[PDB]
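Just below is one structure, and these are the notes that go with it.
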Amino acid sequence: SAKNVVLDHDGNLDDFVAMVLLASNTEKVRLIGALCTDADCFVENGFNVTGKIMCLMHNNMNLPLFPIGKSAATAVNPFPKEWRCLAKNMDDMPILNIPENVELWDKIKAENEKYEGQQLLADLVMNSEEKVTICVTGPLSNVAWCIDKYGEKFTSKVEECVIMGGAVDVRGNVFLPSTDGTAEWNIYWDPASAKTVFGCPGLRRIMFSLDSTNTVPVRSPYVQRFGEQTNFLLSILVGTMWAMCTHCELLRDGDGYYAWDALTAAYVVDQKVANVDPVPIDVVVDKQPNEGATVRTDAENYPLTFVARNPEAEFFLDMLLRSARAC
Amino acid sequence: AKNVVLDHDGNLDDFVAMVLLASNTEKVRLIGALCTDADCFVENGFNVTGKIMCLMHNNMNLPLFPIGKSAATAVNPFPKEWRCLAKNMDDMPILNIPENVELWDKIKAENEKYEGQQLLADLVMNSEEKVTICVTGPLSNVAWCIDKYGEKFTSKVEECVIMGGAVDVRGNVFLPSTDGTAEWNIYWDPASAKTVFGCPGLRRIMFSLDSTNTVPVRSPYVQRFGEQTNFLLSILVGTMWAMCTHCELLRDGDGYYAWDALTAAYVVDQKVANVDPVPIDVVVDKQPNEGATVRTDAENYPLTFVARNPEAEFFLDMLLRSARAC
Ligand SMILES: O=c1[nH]cnc2c([C@@H]3N[C@H](CO)[C@@H](O)[C@H]3O)c[nH]c12
Ligand SMILES: O=c1[nH]cnc2c([C@@H]3N[C@H](CO)[C@@H](O)[C@H]3O)c[nH]c12
Ligand SMILES: [Ca+2]
Ligand SMILES: [Ca+2]
Ligand code: NI
């Protein structure tokens, strides 16, 4: 029935909406673990939010508990500090601090505390009986670390990697004085690791770059519909996180917030989310204006990556609204 | 219960303040509210005021009341990032339950017709008993009323409980052109502030940063609303505070405080804090200290009762309990 999945995320709002999608769809996904990286959040906050959401869901829908580990990966280029604070706010949301759920997390916290994110990813994959799908909604540093340490012994156990990252035929979202805006943030955080992943042979990769994520901006109308399901803990949770993003486009002309990681996780639940196109992907790692950019390379026999195209937005929007009703 | 009118500018503490005043029907009869385009975008701030009112009306004995948008304009606008918080609340699921949004949609046309400043003037003056004005945004609207009606307006005011200024502590307006002595609410419109604090015949209770600095919004307390998720107001208040606990780390010590909430608590119950009389003047000049509240030696200068040593635990318990109103 369900396939094994590990969520490799960096604790922002869409990372958590992504978590809820994967966790709530028990018929399609068997969530066997998660790791949080100190990228688009402060790892301690992301770690606790991951734990709190898991416990809330364990008590309300019998979701099997799984290991959560903090990655030791460090940044090449850190995310803006303002974005990394979001996990802190979520750690304090009343919906994630219900006594029975917080009590459970407190009971299993010390154990998960002992895990090192990167080694955990490698063990969950390599020790799994069946192959494992890795959903990467943060930087690629952990998959790369596993690839460098274990090579084929690791990749051969990977069903596929579904990745939120990049921008192939559309501009990126990294706008700084020294960049040209063609790079996307997850790749930009650790270019070298991304390149390692995208160049790895014997590894299936599904890539959700901005080309596809640009079709799902977070808008008020849709977000307010979660207000129709306040009887469900996950709807209060998902709607709240989304409600915290509807201002972005207004704050930075058009450079709004999108359901990046959410759309990516949705594909893991049901590939009908989008079709794909094979593309040889390389990553600019030098200190150039487009550092972090994902570009097609025509190097001989370069491994292919399946780039998502023309996502089924309506299907995705209905999936999220109904998944937020699992409990 | 005494008649109260909330004069706010739509930020997170403004809304918690609103909940505090509205939920305590035993001490406060909330007869109206106005929102100013200051620390929010008036449309979002107006709409959230409406959404909160209807949520409460439909779940507890809270009479509906008029809500108006102020025509006041800024001298020095708030930071855009801060003004977006009302847009965020506007889309929160707890404020978008069908039954409450339907009510709001139904009474909206009546309220979106009121002019905030005139509404404040009419509510105060035509009231049978005297009215207490809780000001949690700039002082533009009370000044407008003073300018237009003078004594006819002030004589009907029980007292103005104002969240604003900094007297013996550093302010919180940190900009390239400022020296940090000014507090945001006064800074937004110095001249209106000057008018109110220099008004003879008007009683003023001032909650300056001197007292609000004892109430930073911190994680441990915020998480306690998690023990009350069966009450809509706890989900609402806890969610708003949860969106503030980050400021201290982001702004190196310059965190978020329960500024307007503390001010409002005192209206509910004065045991919240004692007061010291102080001649409060305001700097309106385009200097590095524009918007500063300073003691003046001028003879016959009207006194203002500045809050001192607030009862923190008392205030904190009041909010948690009030948050269980529904
Ligand atoms: O404006 C933003 N706020 C918070 N996170 C992101 C991101 C993060 N990077 C990825 C998309 O660029 C996605 O995983 C998301 O969590 C891009 N822009 C923002
Ligand atoms: O960092 C901030 N974010 C949002 N609002 C405020 C304020 C507003 N100004 C008053 C306190 O200085 C109070 O009414 C509050 O709503 C000061 N600092 C901030
Ligand atoms: Ca992410
Ligand atoms: Ca305010
Ligand atoms: Ni009614």
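How things are named: the first chain in the structure tokens is A, the next is B, and so on; residues count from 1 in each chain; ligands count from 1 in the order shown.
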
Set out as CSV a contact list for chain A and chain B with a cut-off of 9 Å, giving each residue of chain A that qualifies its closest atom pair and distance in Å to one decimal, counting only C-alpha atoms, ordered by chain and rising residue number.
```
residue,atom,partner,partner_atom,distance
A:81,CA,B:250,CA,6.9
A:82,CA,B:250,CA,6.7
A:85,CA,B:246,CA,6.1
A:86,CA,B:246,CA,8.0
A:88,CA,B:246,CA,6.3
A:89,CA,B:242,CA,5.0
A:90,CA,B:242,CA,7.0
A:91,CA,B:242,CA,7.9
A:92,CA,B:242,CA,5.0
A:93,CA,B:242,CA,5.4
A:94,CA,B:226,CA,3.9
A:95,CA,B:226,CA,6.2
A:96,CA,B:226,CA,7.1
A:97,CA,B:226,CA,4.6
A:98,CA,B:226,CA,4.8
A:99,CA,B:227,CA,5.9
A:220,CA,B:91,CA,6.0
A:221,CA,B:91,CA,8.2
A:223,CA,B:91,CA,6.5
A:224,CA,B:91,CA,5.3
A:225,CA,B:93,CA,7.6
A:226,CA,B:93,CA,5.6
A:227,CA,B:93,CA,3.9
A:228,CA,B:97,CA,5.7
A:229,CA,B:97,CA,7.9
A:230,CA,B:93,CA,6.6
A:235,CA,B:93,CA,7.7
A:236,CA,B:93,CA,5.9
A:237,CA,B:93,CA,8.8
A:238,CA,B:93,CA,9.0
A:239,CA,B:93,CA,5.7
A:240,CA,B:92,CA,5.4
A:241,CA,B:92,CA,8.6
A:242,CA,B:92,CA,8.3
A:243,CA,B:91,CA,5.1
A:244,CA,B:88,CA,5.2
A:245,CA,B:88,CA,7.2
A:246,CA,B:88,CA,6.5
A:247,CA,B:84,CA,6.1
A:248,CA,B:84,CA,8.7
A:250,CA,B:84,CA,8.3
A:251,CA,B:81,CA,6.8
```

Contacts of ligand 3, 6 Å or closer, only C-alpha atoms and all ligand atoms, given as a PyMOL selection string: chain A and resi 9-10+12+15+137-138+261

Selected residues written out, N, CA, C and O atoms, as a tab-separated table (two decimals), in the first residue's frame:
```tsv
chain	number	residue	atom	x	y	z
A	9	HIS	N	13.55	18.43	5.52
A	9	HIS	CA	13.11	19.82	5.41
A	9	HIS	C	13.91	20.82	6.23
A	9	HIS	O	14.77	20.45	7.05
A	10	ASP	N	13.62	22.11	6.02
A	10	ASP	CA	14.29	23.15	6.79
A	10	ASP	C	13.35	24.11	7.51
A	10	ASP	O	13.56	25.32	7.56
A	12	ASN	N	10.24	25.84	7.40
A	12	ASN	CA	9.51	27.08	7.18
A	12	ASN	C	8.03	26.69	7.08
A	12	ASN	O	7.68	25.50	7.23
A	15	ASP	N	7.26	24.06	4.47
A	15	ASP	CA	7.91	22.80	4.85
A	15	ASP	C	6.94	22.04	5.74
A	15	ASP	O	6.79	20.82	5.61
A	137	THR	N	12.59	19.38	0.91
A	137	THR	CA	11.95	20.68	0.85
A	137	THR	C	12.87	21.77	1.38
A	137	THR	O	12.48	22.94	1.49
A	138	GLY	N	14.10	21.39	1.71
A	138	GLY	CA	15.07	22.36	2.18
A	138	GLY	C	16.29	22.19	1.28
A	138	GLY	O	16.14	21.70	0.17
A	261	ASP	N	7.11	23.96	-1.15
A	261	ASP	CA	7.30	22.65	-0.54
A	261	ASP	C	6.02	21.82	-0.50
A	261	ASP	O	6.07	20.59	-0.51
```

What's around residue 295 in chain B at 7 Å? Count only C-alpha atoms, leave out sequence neighbours fewer than 6 positions away in its own chain, and write the answer as an mmCIF file with N, CA and C atoms, in the first residue's frame.
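To be explicit, this is the file written out as out12.cif:
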```cif
data_model
loop_
_atom_site.group_PDB
_atom_site.id
_atom_site.type_symbol
_atom_site.label_atom_id
_atom_site.label_comp_id
_atom_site.auth_asym_id
_atom_site.auth_seq_id
_atom_site.Cartn_x
_atom_site.Cartn_y
_atom_site.Cartn_z
ATOM 1 N N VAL B 278 2.585 63.630 36.235
ATOM 2 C CA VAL B 278 3.750 64.174 35.547
ATOM 3 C C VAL B 278 3.319 65.109 34.426
ATOM 4 N N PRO B 279 3.968 66.283 34.316
ATOM 5 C CA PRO B 279 3.671 67.276 33.280
ATOM 6 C C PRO B 279 4.304 66.747 32.000
ATOM 7 N N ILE B 280 3.486 66.185 31.122
ATOM 8 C CA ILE B 280 4.003 65.604 29.894
ATOM 9 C C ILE B 280 3.860 66.472 28.659
ATOM 10 N N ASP B 281 4.987 66.827 28.048
ATOM 11 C CA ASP B 281 4.972 67.617 26.823
ATOM 12 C C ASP B 281 5.496 66.722 25.690
#
```

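Atom pair CA of residue 59 in chain A / CA of residue 127 in chain A: separated by 27.0 Å.
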
DSSP alpha helix (DSSP H) residues within range 265-299 of chain A, as a count of residues only: 5

Can you pull out every residue with an atom within 8 Å of ligand 2? Use only C-alpha atoms and all ligand atoms and format it as a PDB file with N, CA and C atoms, in the first residue's frame.
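Produced file part20.pdb, reproduced below:
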```
ATOM      1  N   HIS B   8      -7.907  52.266  18.268  1.00  0.00           N
ATOM      2  CA  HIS B   8      -6.682  51.507  17.984  1.00  0.00           C
ATOM      3  C   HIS B   8      -6.187  51.595  16.556  1.00  0.00           C
ATOM      4  N   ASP B   9      -5.048  50.950  16.282  1.00  0.00           N
ATOM      5  CA  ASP B   9      -4.513  50.947  14.921  1.00  0.00           C
ATOM      6  C   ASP B   9      -4.220  49.573  14.315  1.00  0.00           C
ATOM      7  N   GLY B  10      -4.995  48.585  14.741  1.00  0.00           N
ATOM      8  CA  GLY B  10      -4.906  47.256  14.166  1.00  0.00           C
ATOM      9  C   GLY B  10      -3.697  46.352  14.216  1.00  0.00           C
ATOM     10  N   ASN B  11      -2.880  46.436  15.248  1.00  0.00           N
ATOM     11  CA  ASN B  11      -1.784  45.510  15.279  1.00  0.00           C
ATOM     12  C   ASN B  11      -2.165  44.365  16.228  1.00  0.00           C
ATOM     13  N   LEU B  12      -1.258  43.420  16.423  1.00  0.00           N
ATOM     14  CA  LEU B  12      -1.538  42.277  17.275  1.00  0.00           C
ATOM     15  C   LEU B  12      -1.915  42.629  18.713  1.00  0.00           C
ATOM     16  N   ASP B  13      -1.187  43.535  19.357  1.00  0.00           N
ATOM     17  CA  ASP B  13      -1.543  43.888  20.725  1.00  0.00           C
ATOM     18  C   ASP B  13      -2.844  44.697  20.726  1.00  0.00           C
ATOM     19  N   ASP B  14      -3.092  45.452  19.661  1.00  0.00           N
ATOM     20  CA  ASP B  14      -4.339  46.210  19.570  1.00  0.00           C
ATOM     21  C   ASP B  14      -5.522  45.235  19.663  1.00  0.00           C
ATOM     22  N   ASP B  39      -0.487  51.588  12.512  1.00  0.00           N
ATOM     23  CA  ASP B  39       0.311  50.372  12.608  1.00  0.00           C
ATOM     24  C   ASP B  39      -0.405  49.198  11.910  1.00  0.00           C
ATOM     25  N   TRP B  82       5.383  45.864   9.791  1.00  0.00           N
ATOM     26  CA  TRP B  82       4.499  45.802  10.953  1.00  0.00           C
ATOM     27  C   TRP B  82       3.037  45.985  10.578  1.00  0.00           C
ATOM     28  N   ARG B  83       2.785  46.827   9.579  1.00  0.00           N
ATOM     29  CA  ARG B  83       1.430  47.123   9.142  1.00  0.00           C
ATOM     30  C   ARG B  83       0.691  45.944   8.494  1.00  0.00           C
ATOM     31  N   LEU B  85       0.492  42.884   9.629  1.00  0.00           N
ATOM     32  CA  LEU B  85      -0.057  41.928  10.579  1.00  0.00           C
ATOM     33  C   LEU B  85      -1.578  41.818  10.539  1.00  0.00           C
ATOM     34  N   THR B 136      -4.939  52.886  21.820  1.00  0.00           N
ATOM     35  CA  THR B 136      -3.817  51.974  21.603  1.00  0.00           C
ATOM     36  C   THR B 136      -3.086  52.233  20.260  1.00  0.00           C
ATOM     37  N   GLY B 137      -3.504  53.280  19.562  1.00  0.00           N
ATOM     38  CA  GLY B 137      -2.863  53.691  18.321  1.00  0.00           C
ATOM     39  C   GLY B 137      -2.412  55.124  18.572  1.00  0.00           C
ATOM     40  N   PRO B 138      -2.067  55.894  17.534  1.00  0.00           N
ATOM     41  CA  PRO B 138      -1.637  57.286  17.744  1.00  0.00           C
ATOM     42  C   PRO B 138      -2.752  58.142  18.382  1.00  0.00           C
ATOM     43  N   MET B 163      -1.781  54.320  25.486  1.00  0.00           N
ATOM     44  CA  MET B 163      -0.570  53.520  25.375  1.00  0.00           C
ATOM     45  C   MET B 163       0.290  54.447  24.512  1.00  0.00           C
ATOM     46  N   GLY B 164       1.387  54.950  25.074  1.00  0.00           N
ATOM     47  CA  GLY B 164       2.250  55.830  24.312  1.00  0.00           C
ATOM     48  C   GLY B 164       3.367  56.501  25.095  1.00  0.00           C
ATOM     49  N   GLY B 165       4.387  56.939  24.363  1.00  0.00           N
ATOM     50  CA  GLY B 165       5.509  57.626  24.971  1.00  0.00           C
ATOM     51  C   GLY B 165       6.482  56.808  25.797  1.00  0.00           C
ATOM     52  N   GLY B 171      13.081  55.162  24.210  1.00  0.00           N
ATOM     53  CA  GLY B 171      11.895  54.963  23.392  1.00  0.00           C
ATOM     54  C   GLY B 171      12.069  53.724  22.527  1.00  0.00           C
ATOM     55  N   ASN B 172      11.310  53.611  21.445  1.00  0.00           N
ATOM     56  CA  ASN B 172      11.461  52.452  20.572  1.00  0.00           C
ATOM     57  C   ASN B 172      11.423  52.774  19.092  1.00  0.00           C
ATOM     58  N   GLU B 183       8.719  57.147  21.302  1.00  0.00           N
ATOM     59  CA  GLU B 183       7.926  55.926  21.247  1.00  0.00           C
ATOM     60  C   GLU B 183       7.043  56.023  19.997  1.00  0.00           C
ATOM     61  N   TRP B 184       6.863  54.904  19.289  1.00  0.00           N
ATOM     62  CA  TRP B 184       6.093  54.883  18.040  1.00  0.00           C
ATOM     63  C   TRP B 184       4.727  55.540  17.941  1.00  0.00           C
ATOM     64  N   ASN B 185       3.831  55.272  18.886  1.00  0.00           N
ATOM     65  CA  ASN B 185       2.495  55.883  18.826  1.00  0.00           C
ATOM     66  C   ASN B 185       2.526  57.426  18.820  1.00  0.00           C
ATOM     67  N   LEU B 209       6.453  53.332  27.829  1.00  0.00           N
ATOM     68  CA  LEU B 209       7.328  52.169  27.839  1.00  0.00           C
ATOM     69  C   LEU B 209       7.883  51.897  29.241  1.00  0.00           C
ATOM     70  N   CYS B 244       4.630  36.990  17.788  1.00  0.00           N
ATOM     71  CA  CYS B 244       5.446  38.066  18.347  1.00  0.00           C
ATOM     72  C   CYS B 244       6.703  37.637  19.091  1.00  0.00           C
ATOM     73  N   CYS B 247      10.482  38.597  17.647  1.00  0.00           N
ATOM     74  CA  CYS B 247      11.050  39.935  17.597  1.00  0.00           C
ATOM     75  C   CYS B 247      12.318  40.152  18.407  1.00  0.00           C
ATOM     76  N   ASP B 254      15.353  44.246  20.997  1.00  0.00           N
ATOM     77  CA  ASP B 254      14.196  45.121  20.798  1.00  0.00           C
ATOM     78  C   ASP B 254      12.966  44.277  20.433  1.00  0.00           C
ATOM     79  N   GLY B 255      12.487  43.505  21.407  1.00  0.00           N
ATOM     80  CA  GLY B 255      11.354  42.628  21.183  1.00  0.00           C
ATOM     81  C   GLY B 255       9.969  43.239  21.128  1.00  0.00           C
ATOM     82  N   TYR B 256       8.974  42.361  21.206  1.00  0.00           N
ATOM     83  CA  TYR B 256       7.569  42.739  21.165  1.00  0.00           C
ATOM     84  C   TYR B 256       7.002  42.723  22.589  1.00  0.00           C
ATOM     85  N   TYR B 257       6.132  43.679  22.892  1.00  0.00           N
ATOM     86  CA  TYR B 257       5.538  43.755  24.218  1.00  0.00           C
ATOM     87  C   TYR B 257       4.017  43.789  24.159  1.00  0.00           C
ATOM     88  N   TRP B 259       2.097  45.898  24.887  1.00  0.00           N
ATOM     89  CA  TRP B 259       1.820  47.333  25.025  1.00  0.00           C
ATOM     90  C   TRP B 259       0.344  47.708  25.186  1.00  0.00           C
ATOM     91  N   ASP B 260      -0.438  47.460  24.140  1.00  0.00           N
ATOM     92  CA  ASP B 260      -1.850  47.810  24.160  1.00  0.00           C
ATOM     93  C   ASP B 260      -2.680  46.934  25.081  1.00  0.00           C
TER      94      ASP B 260
END
```

Spatial neighbours of residue 23 in chain B, 9 Å, only C-alpha atoms, chain gap at least 3 places, as a CSV table (one decimal) with N, CA and C atoms, in the first residue's frame:
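For reference, around_9.csv as written:
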```csv
chain,number,residue,atom,x,y,z
B,18,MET,N,-8.4,44.6,22.4
B,18,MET,CA,-9.8,44.6,22.1
B,18,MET,C,-10.5,43.4,22.8
B,19,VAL,N,-9.9,42.2,22.7
B,19,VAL,CA,-10.5,41.0,23.3
B,19,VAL,C,-10.7,41.2,24.8
B,20,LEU,N,-9.7,41.8,25.5
B,20,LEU,CA,-9.7,42.1,26.9
B,20,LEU,C,-10.9,42.9,27.3
B,26,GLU,N,-18.5,42.6,32.5
B,26,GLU,CA,-18.9,43.0,33.9
B,26,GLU,C,-18.3,44.3,34.3
B,28,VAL,N,-16.6,46.4,31.6
B,28,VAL,CA,-16.6,47.2,30.4
B,28,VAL,C,-17.8,47.0,29.5
B,56,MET,N,-17.2,36.9,18.8
B,56,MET,CA,-17.6,37.0,20.2
B,56,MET,C,-19.1,37.2,20.4
B,60,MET,N,-20.9,34.6,22.9
B,60,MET,CA,-21.0,35.1,24.3
B,60,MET,C,-21.9,36.4,24.2
B,61,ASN,N,-22.2,36.9,25.4
B,61,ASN,CA,-23.1,38.1,25.5
B,61,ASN,C,-22.3,39.4,25.3
B,62,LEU,N,-21.9,39.6,24.0
B,62,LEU,CA,-21.2,40.8,23.7
B,62,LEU,C,-22.1,41.5,22.6
B,233,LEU,N,-11.4,32.4,21.9
B,233,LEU,CA,-10.5,33.5,22.3
B,233,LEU,C,-9.1,33.1,22.6
B,322,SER,N,-9.6,35.9,30.9
B,322,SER,CA,-10.5,36.5,29.9
B,322,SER,C,-10.6,35.7,28.6
B,323,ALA,N,-9.4,35.2,28.2
B,323,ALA,CA,-9.3,34.4,27.0
B,323,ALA,C,-10.2,33.1,27.1
B,324,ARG,N,-10.8,32.9,28.2
B,324,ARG,CA,-11.7,31.7,28.4
B,324,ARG,C,-13.2,32.2,28.3
B,325,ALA,N,-13.4,33.4,27.9
B,325,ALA,CA,-14.8,34.0,27.8
B,325,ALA,C,-15.6,33.2,26.8
B,326,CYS,N,-14.9,32.7,25.8
B,326,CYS,CA,-15.6,31.9,24.8
B,326,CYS,C,-14.5,31.3,23.8
```

Gap from CA of residue 316 in chain B to CA of residue 15 in chain B - Å, one decimal: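 Interatomic distance, CA of residue 316 in chain B to CA of residue 15 in chain B: 15.7 Å.
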
Selection as JSON, numbers by chain: residues within 9 Å of ligand 5 by only C-alpha atoms and all ligand atoms: {"B": [54, 57, 58, 62, 63, 64, 103]}

Selection: 8 Å around residue 135 in chain B, only C-alpha atoms, excl. self and same-chain fewer than 4 positions, as a ChimeraX atom specification: /B:6-8,139,160-163

Could you write out that same residue set with N, CA and C atoms as an mmCIF file, in the first residue's frame?
```cif
data_model
loop_
_atom_site.group_PDB
_atom_site.id
_atom_site.type_symbol
_atom_site.label_atom_id
_atom_site.label_comp_id
_atom_site.auth_asym_id
_atom_site.auth_seq_id
_atom_site.Cartn_x
_atom_site.Cartn_y
_atom_site.Cartn_z
ATOM 1 N N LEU B 6 -12.742 51.838 22.131
ATOM 2 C CA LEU B 6 -11.397 51.460 21.721
ATOM 3 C C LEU B 6 -10.975 52.252 20.482
ATOM 4 N N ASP B 7 -9.878 52.992 20.619
ATOM 5 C CA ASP B 7 -9.298 53.823 19.550
ATOM 6 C C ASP B 7 -7.954 53.140 19.273
ATOM 7 N N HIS B 8 -7.907 52.266 18.268
ATOM 8 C CA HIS B 8 -6.682 51.507 17.984
ATOM 9 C C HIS B 8 -6.187 51.595 16.556
ATOM 10 N N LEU B 139 -2.433 59.373 18.777
ATOM 11 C CA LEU B 139 -3.415 60.255 19.411
ATOM 12 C C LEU B 139 -4.130 61.220 18.460
ATOM 13 N N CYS B 160 -8.766 59.215 29.578
ATOM 14 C CA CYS B 160 -8.124 58.628 28.407
ATOM 15 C C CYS B 160 -7.011 57.714 28.884
ATOM 16 N N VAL B 161 -7.120 56.413 28.647
ATOM 17 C CA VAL B 161 -6.031 55.532 29.034
ATOM 18 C C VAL B 161 -5.273 55.377 27.716
ATOM 19 N N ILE B 162 -4.069 55.926 27.697
ATOM 20 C CA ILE B 162 -3.238 55.949 26.511
ATOM 21 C C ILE B 162 -2.009 55.068 26.561
ATOM 22 N N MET B 163 -1.781 54.320 25.486
ATOM 23 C CA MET B 163 -0.570 53.520 25.375
ATOM 24 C C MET B 163 0.290 54.447 24.512
#
```

Might you pull out every residue within 7 Å of residue 141 in chain A, with only C-alpha atoms counted and same-chain residues fewer than 4 positions away left off, and present them as a PDB file with N, CA and C atoms, in the first residue's frame?
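For reference, selection09.pdb as written:
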```
ATOM      1  N   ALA A  73      24.472  20.040   8.921  1.00  0.00           N
ATOM      2  CA  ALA A  73      24.870  20.833   7.764  1.00  0.00           C
ATOM      3  C   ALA A  73      24.937  22.327   8.104  1.00  0.00           C
ATOM      4  N   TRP A 145      25.478  14.666   1.439  1.00  0.00           N
ATOM      5  CA  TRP A 145      26.334  14.087   2.469  1.00  0.00           C
ATOM      6  C   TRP A 145      26.251  12.555   2.420  1.00  0.00           C
ATOM      7  N   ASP A 190      23.281  25.941  -0.518  1.00  0.00           N
ATOM      8  CA  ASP A 190      24.436  25.038  -0.599  1.00  0.00           C
ATOM      9  C   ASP A 190      24.589  24.521  -2.027  1.00  0.00           C
ATOM     10  N   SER A 193      26.489  21.057  -2.743  1.00  0.00           N
ATOM     11  CA  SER A 193      25.716  19.875  -2.415  1.00  0.00           C
ATOM     12  C   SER A 193      24.680  19.631  -3.497  1.00  0.00           C
ATOM     13  N   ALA A 194      23.988  20.689  -3.912  1.00  0.00           N
ATOM     14  CA  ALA A 194      22.977  20.529  -4.948  1.00  0.00           C
ATOM     15  C   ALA A 194      23.623  19.896  -6.180  1.00  0.00           C
TER      16      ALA A 194
END
```

CA of residue 173 in chain B to CA of residue 21 in chain B, straight-line distance in Å: 27.4 Å
